[PDB]
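*Asks:* My questions will all concern the structure given below.
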Amino acid sequence: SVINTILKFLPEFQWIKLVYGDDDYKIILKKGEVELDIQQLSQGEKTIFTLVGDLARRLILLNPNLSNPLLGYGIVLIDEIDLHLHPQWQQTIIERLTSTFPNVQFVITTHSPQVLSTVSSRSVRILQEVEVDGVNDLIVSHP
Amino acid sequence: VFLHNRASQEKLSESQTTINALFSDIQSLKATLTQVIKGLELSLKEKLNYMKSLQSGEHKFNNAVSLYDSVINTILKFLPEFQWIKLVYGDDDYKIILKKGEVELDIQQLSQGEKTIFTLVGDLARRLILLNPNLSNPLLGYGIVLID
Amino acid sequence: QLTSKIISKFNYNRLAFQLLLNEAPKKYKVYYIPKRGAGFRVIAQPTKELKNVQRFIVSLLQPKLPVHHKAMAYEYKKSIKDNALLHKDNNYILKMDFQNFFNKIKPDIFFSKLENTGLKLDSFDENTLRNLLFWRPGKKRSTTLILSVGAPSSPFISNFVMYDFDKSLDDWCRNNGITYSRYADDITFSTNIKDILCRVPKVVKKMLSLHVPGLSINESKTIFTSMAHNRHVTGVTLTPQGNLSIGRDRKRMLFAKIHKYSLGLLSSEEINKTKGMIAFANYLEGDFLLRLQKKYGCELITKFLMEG
Amino acid sequence: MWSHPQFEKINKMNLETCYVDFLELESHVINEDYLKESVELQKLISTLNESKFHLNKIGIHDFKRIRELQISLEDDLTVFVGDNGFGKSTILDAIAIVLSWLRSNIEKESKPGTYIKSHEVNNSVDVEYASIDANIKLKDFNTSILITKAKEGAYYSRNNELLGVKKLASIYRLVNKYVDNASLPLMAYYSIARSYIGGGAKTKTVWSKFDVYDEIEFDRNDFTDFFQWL
Amino acid sequence: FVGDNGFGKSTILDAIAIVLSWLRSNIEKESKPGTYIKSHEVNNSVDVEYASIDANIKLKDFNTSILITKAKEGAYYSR
RNA sequence: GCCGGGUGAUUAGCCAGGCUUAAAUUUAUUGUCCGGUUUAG
Ligand SMILES: Nc1ncnc2c1ncn2[C@@H]1O[C@H](COP(=O)(O)OP(=O)(O)OP(=O)(O)O)[C@@H](O)[C@H]1O
């Protein structure tokens, strides 16, 4: 379950294996017809690998009795979801995150209009600066 | 800090025999030593270097005050929201003060976005000033820069 | 002159009175009381000898200190019903509270306010007042005095202290069509104009600093409500039509109790417990007994009323 | 967090009333076998399991750039959009500050959490203190919490209200006592420093659910532990 | 102390070393913290909640006692 | 439209079965042995 969950966010990869090297263990991926080491991955794939692996570890540790631990409740805060990701991946990260963990409340701050193309009006808050009564202040407006 | 100190000394003047004053400070340090040893000797050599620097007194057109103004205006060009940047001395230390709107902020209170631009531009200008001390306009040297 | 009147009234000699003056700020007892739900509360109450001498001082000082008419707590011929009648015909309601209201009253503020009223008192009277109406918690080296609740002289003092704040807020709210009232450490505003109650939290905050230093606003107990949700003021529910009520749940609470009583299934103390609730409800509504007699008959109700 | 004599009030199915009922029952019976089979424990378990954890609303006063503001958050997803300098991160740090006290009281009661830094107070002349408040709703149970700090140089005091968090955390510890593998809520924070968390000792042999409760943020050694766990 | 067993007699000496540390700390400075009982030294059995150490010091006719205790993580009561 | 609020009447009655009515995203009921208010002996 953990391996397939990680592979869900990286469709270009085929399988992940934990080869036991004589000196020490190591993890081997496979992209295309090549075998890659984790140290040789790009920055973008590293960020997704760490984020999803950490979430899966926390959920599994905190929910031992559940048949499928991914359903556990909680709250997760993420800042700047659009780091080191090209626009192609920016349009599908949100729905995959919500579908994989359906019972977790998410608070996300964004910076680019690519993500805003796939978010319902109900869950959008826009910060604005308005000077009222001679004093500058911040307001939040629904779309 | 050193650039500001040199600019303040040049603009305020009143140094009189600055080289002689530094030499007298070196002599006083030597007398105190006669009356940790390696550090004291290094400080005496630093005092002699200061005396030599004051004796030189290039006072070129690209003086310290002009370089200070050029550096500050260079950074301010990339941050139109701010108004001015000053180096405030207090509690026996120096701190950077920036004015935005009507609120003065320290260096650590800026957001990540202005932190990145301030760091990159300042590092760009520092090397240009240090590498080209002969040109009238130091922001004209040659080089190659790789940015990711 | 106040020391002479107290001495003559209680027949105290010079030595005993002197000893009592020094020992007075420590004759208090601290105890816990249960909370409705889970938790506990802390109360401090003076001894019997100090209580009946504090009441005399309050009686002496009451006809000389003005109190604003918007304060509806610890006042003669005023209660909850009079408080709720002000906001019974408004659409939007906002409620705010204080933070540790009673323990922020100190002799420095009390004497500062007393000097402004123009009443001149001697040094001996000031010494007598300071050492009699205040509590000293902690060790004897604390040298701090707080008012505290549970003593007969505290509720009167608080109303006198908050007179300037009450007066300043009343005429500010009148000019904008806002109804304002205060009960102990609770403040309520109500109006019909839309989008006007969002500006008062800053106004009260600015007023508190100017008129009574030390006080502060608890920001976690601010409530906005309208006609589309539940509305109540200090324990009485306001119907959308604009009539005071006790609540549907309590009405069915009492109806079943009386019905079970008609079958002889009620204990002795439950009759006494319910009779007070019936009297209070009849006071709030004014027609509860008529509705009860129209359902169960006058004979049973009269027997229940005279029971015990 | 008291035994109490179970004041009758009126009939209700609130979680708190079940908590008090169980506490009152425990003070009399001593045999743990009977306690583990009591119907009150089953009712408390069912109520706790059905409730869904989610934050409700938040307000900020005089904290960093924000002067006065109140937000209401959805129960499944909410997104904040703005440019640089609009305090997008400030809201996240405010929520992390509030959640830290709840985290602290689960490991061990009366344990302090995270305070307000002295340089985070607003820089205006007329400001005196900063406050953050929040509300947590468990279906029908409502709790609130306030955190505040006074500006340095002032001589007027302010306090924090921690009754709600202490009471809510006591329920989790009590149910954890009588249940072998009781679950716990998940709280996490992925700041901007995660870029080199993956971008950049004695062997562990024992794991536990409290290992993830040491800190609320993700940084550095957490990545190493993931490899050892895998 | 004489006897062989798996619990180790050095544990007893370690307990004494913990207690005396507190006495030394207070002498150096008032209310200075000493040495606490860390989490993993408690027993791993199911029916345990906390660990305690009790000691007594006698000076002629002057008797003092000290108790040091630590409870497991997530316990209902703290010590 | 929908959902959440107010409650006279209703029932071997604090559950439920009916009829009315209200709306910016916007209440989840409190502290006694003191204080003033209601009812009684
Ligand atoms: N003490 C203070 N007084 C006034 N303004 C302050 C203070 N501290 C911080 N600020 C303001 O905070 C702003 C930055 O806030 P913040 O970092 O939350 O915003 P952001 O750029 O949206 O966030 P991020 O880039 O970290 O996601 C600065 O523009 C600064 O003016």
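Protein chains in written order, with the numbering used here: chain A, 54 to 196; chain B, 74 to 221; chain C, 30 to 337; chain D, 98 to 327; chain E, 15 to 93. Cβ atoms here follow ideal geometry from the backbone N, Cα and C, with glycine treated the same way.
1) Using CA coordinates, which residue listed in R65(C), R70(C), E52(C) is at the minimum distance from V59(C)?
2) Regarding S207(D) and ligand 3, is the C-beta to nearest heavy atom distance less than 7 Å?
3) If you check the beta carbons only, do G326(C) and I300(C) fall under 8 Å apart?
4) Take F320(D) as the anchor and find which of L122(D), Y293(D), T302(D) has the nearest alpha-carbon.
5) Considering only heavy atoms of ligand 1, does any lie closer than 7 Å to the CB of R178(A)?
6) Excluding sequence positions up to five away, which residues of its chain have a Cβ less than 8 Å from the Cβ of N160(C)?
7) Output, in sequence order along the chain, the residues in the region 252 to 263 of chain C whose CB is closer than 9 Å to any CB in chain D.
8) Distance check for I86(C) and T157(C), CA to CA, integer angstroms please.
9) Under 8 Å by Cβ, that's how I've got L273(C) and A73(C) pegged, so tell me the actual separation to the nearest angstrom.
10) What is the rounded straight-line gap between the Cα of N81(C) and the Cα of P166(C)?
11) Can you have a look at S280(D) and say buried or exposed, based on whether 16 or more other CB atoms are within 10 angstroms of its CB?
12) Check whether the Cβ atoms of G210(D) and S201(D) sit closer than 8 Å, and answer yes or no.
13) Figure out for me which residue from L114(A), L150(A), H195(A), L89(A) has the closest Cα to the Cα of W68(A).
14) Where does the unbroken alpha helix (DSSP H) through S88(B) begin, and where does it stop?
15) Which same chain residues, not among the five before or five after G206(C), have their C-beta less than 7 Å away from its C-beta?
16) Tell me the DSSP secondary structure of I134(A) in three-state form.
17) Report the residues of the region 279 to 306 of chain C with a CB closer than 7 Å to any CB of chain D, ordered along the chain.
18) Could you have a look at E155(C) and say whether DSSP puts it in helix, strand or coil?
19) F131(C) to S152(C), Cα distance in whole Å?
20) Here's the rule I'm using: 16 or more other beta-carbon atoms within 10 Å means buried, otherwise exposed. How should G264(C) be labelled?
21) Between the region 124 to 144 of chain B and the region 78 to 95 of chain B, do three or more beta carbon pairs fall short of 8 Å?
22) Less than 7 Å separating the Cβ of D223(D) from some heavy atom of ligand 1?
23) Just to make sure I have the definition right: I need the residues of chain E whose C-beta is within less than 9 Å of the C-beta of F307(D). Which are they?
24) I'd like to confirm something about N220(D): is its beta-carbon nearer than 7 Å to some heavy atom of ligand 1, or not?
25) Of all the options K306(D), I289(D), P282(D), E314(D), which has the alpha carbon lying nearest to the alpha carbon of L152(D)?
26) Under 8 Å between C-beta atoms, does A67(C) make it to chain D?
27) Residues in the same chain with beta-carbon distance under 7 Å from residue 73(B), minus the five sequence neighbours each way, listed in chain order, please.
28) Would you mind telling me which residues of chain A sit closer than 8 Å to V222(D), beta carbon to beta carbon, in chain order?
29) Where do the ends of the beta strand (DSSP E) carrying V87(A) lie?
30) May I ask whether a heavy atom of ligand 1 can be found less than 7 Å away from the beta carbon of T58(A)?
31) With 16 as the cutoff for other CB atoms within 10 Å, does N116(A) come out buried or exposed?
32) Thinking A193(D) and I313(D) are a contact (beta carbons under 8 Å), I'd like their distance in whole angstroms, please.
33) With 8 Å as the limit, tell me which residues of the region 173 to 194 of chain C have their beta carbon closer than that to any beta carbon of chain D; keep them in chain order.
34) Here's the rule I'm using: 16 or more other beta-carbon atoms within 10 Å means buried, otherwise exposed. How should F154(A) be labelled?
35) From the DSSP output, in three-state form, read off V109(B) for me.
36) For the structure I just gave you, are there three or more beta carbon pairs, one from the region 94 to 105 of chain C and one from the region 236 to 256 of chain C, closer than 8 Å?
*Replies:* Taking the structure as given:
1) Walking along the third sequence from the start, residue 59(C) turns up at place 30. With respect to the C-alpha of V59(C), the residue from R65(C), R70(C), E52(C) having the closest C-alpha is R70(C).
2) Ligand 3 is not part of the structure shown, which contains ligand 1 as its ligands.
3) Here residue 326(C) refers to the residue found at position 297 when the third sequence is read from its first residue. Here residue 300(C) refers to the residue found at position 271 when the third sequence is read from its first residue. Not closer than 8 Å, so no.
4) Looking up residue 320(D) in the fourth sequence gives position 223. If we check each option's Cα against that of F320(D), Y293(D) comes out closest.
5) Indexing the first sequence from 1 puts residue 178(A) at position 125. Because no heavy atom of ligand 1 lies under 7 Å away, the Cβ of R178(A) does not count as near it: no.
6) What you label residue 160(C) is simply residue 131 of the third sequence in a count that begins at 1. The residues are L50, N51, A53, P54.
7) Taking 9 Å as the Cβ-Cβ cut-off against chain D, none of the residues of the region 252 to 263 of chain C qualify.
8) Position 128 of the third sequence holds residue 157(C). Position 57 of the third sequence holds residue 86(C). Cα to Cα, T157(C) sits roughly 11 Å from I86(C).
9) In the third sequence, the residue the question calls residue 273(C) occupies position 244. In the third sequence, the residue the question calls residue 73(C) occupies position 44. Not confirmed; about 35 Å, so no contact.
10) Here residue 81(C) refers to the residue found at position 52 when the third sequence is read from its first residue. Here residue 166(C) refers to the residue found at position 137 when the third sequence is read from its first residue. The alpha-carbon atoms of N81(C) and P166(C) are separated by roughly 22 Å.
11) Taking the fourth sequence and counting its residues from 1, one reaches residue 280(D) at position 183. With a 10 Å radius around the Cβ and a threshold of 16 neighbouring Cβ atoms, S280(D) comes out buried.
12) Translated into positions along the fourth sequence, residue 210(D) becomes position 113. Translated into positions along the fourth sequence, residue 201(D) becomes position 104. Taking 8 Å as the cut-off, the beta carbon of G210(D) is found closer than this to the beta carbon of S201(D).
13) By 1-based counting over the first sequence, the position of residue 68(A) is 15. Checking every option, the nearest Cα to that of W68(A) belongs to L89(A).
14) Translated into the one-based positions of the second sequence, residue 88(B) becomes position 15. That residue, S88(B), is in no alpha helix (DSSP H); it is neither H nor E in DSSP.
15) Locating residue 206(C) in the third sequence gives position 177, counting from the first residue. Within the same chain, Cβ atoms closer than 7 Å to the Cβ of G206(C) are found at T220, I222, the five residues on either side in sequence being excluded.
16) Here residue 134(A) refers to the residue found at position 81 when the first sequence is read from its first residue. For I134(A), the secondary structure class from DSSP, reduced to helix, strand or coil, is coil.
17) Contact residues of the region 279 to 306 of chain C toward chain D are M282 (C-beta to C-beta distance below 7 Å).
18) Here residue 155(C) corresponds to residue number 126 of the third sequence, with the count starting at 1. In the structure shown, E155(C) sits in a helix (DSSP, three-state: H, G or I).
19) Position 102 of the third sequence, counting from 1, holds the residue named residue 131(C). Position 123 of the third sequence, counting from 1, holds the residue named residue 152(C). A direct Cα-to-Cα measurement between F131(C) and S152(C) gives close to 26 Å.
20) Stepping through the third sequence from its first residue, residue 264(C) is reached at position 235. Its Cβ having fewer than 16 others within 10 Å, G264(C) is exposed.
21) Touching, yes.
22) Walking along the fourth sequence from the start, residue 223(D) turns up at place 126. Relative to the non-hydrogen atoms of ligand 1, the Cβ of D223(D) never comes closer than 7 Å to any of them.
23) Translated into the one-based positions of the fourth sequence, residue 307(D) becomes position 210. Within chain E, the residues placing a beta-carbon under 9 Å from that of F307(D) are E87, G88, ordered along the chain.
24) Taking the fourth sequence and counting its residues from 1, one reaches residue 220(D) at position 123. Checking the Cβ of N220(D) against ligand 1 gives yes.
25) For the purposes of this step, residue 152(D) is taken as residue 55 along the fourth sequence, with counting starting at 1. Closest in alpha carbon position to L152(D), among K306(D), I289(D), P282(D), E314(D), is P282(D).
26) As a working note, residue 67(C) is residue 38 in the third sequence. Yes, because at least one Cβ of chain D sits closer than 8 Å to the Cβ of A67(C).
27) Coverage of chain B is limited to positions 74 through 221, which leaves residue 73(B) absent and any answer about it impossible.
28) Counting from 1 along the fourth sequence, the entry for residue 222(D) is found at position 125. Under the 8 Å cutoff, chain A gives no residues; its nearest Cβ is about 13 Å from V222(D).
29) Within the first sequence, the letter at position 34 stands for residue 87(A). Residue range 87 to 90 is occupied by the beta strand (DSSP E) that includes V87(A).
30) Taking the first residue of the first sequence as 1, we reach residue 58(A) at position 5. No - ligand 1 has no heavy atom lying nearer than 7 Å to the Cβ of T58(A).
31) As a first step, residue 116(A) must be located in the first sequence, where it is residue number 63. That one is buried.
32) Here the question's residue 193(D) lines up with position 96 in the fourth sequence. Here the question's residue 313(D) lines up with position 216 in the fourth sequence. Correct: roughly 6 Å between the Cβ atoms.
33) Look at the region 173 to 194 of chain C: it has no residue with a C-beta under 8 Å from a C-beta of chain D.
34) Locating residue 154(A) in the first sequence gives position 101, where the first residue counts as 1. Counting the other Cβ atoms within 10 Å of the Cβ of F154(A) gives 16 or more, which makes it buried.
35) Taking the second sequence and counting its residues from 1, one reaches residue 109(B) at position 36. In the structure shown, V109(B) sits in coil (DSSP, three-state: anything other than H, G, I, E or B).
36) No, the region 94 to 105 of chain C is not in contact with the region 236 to 256 of chain C.
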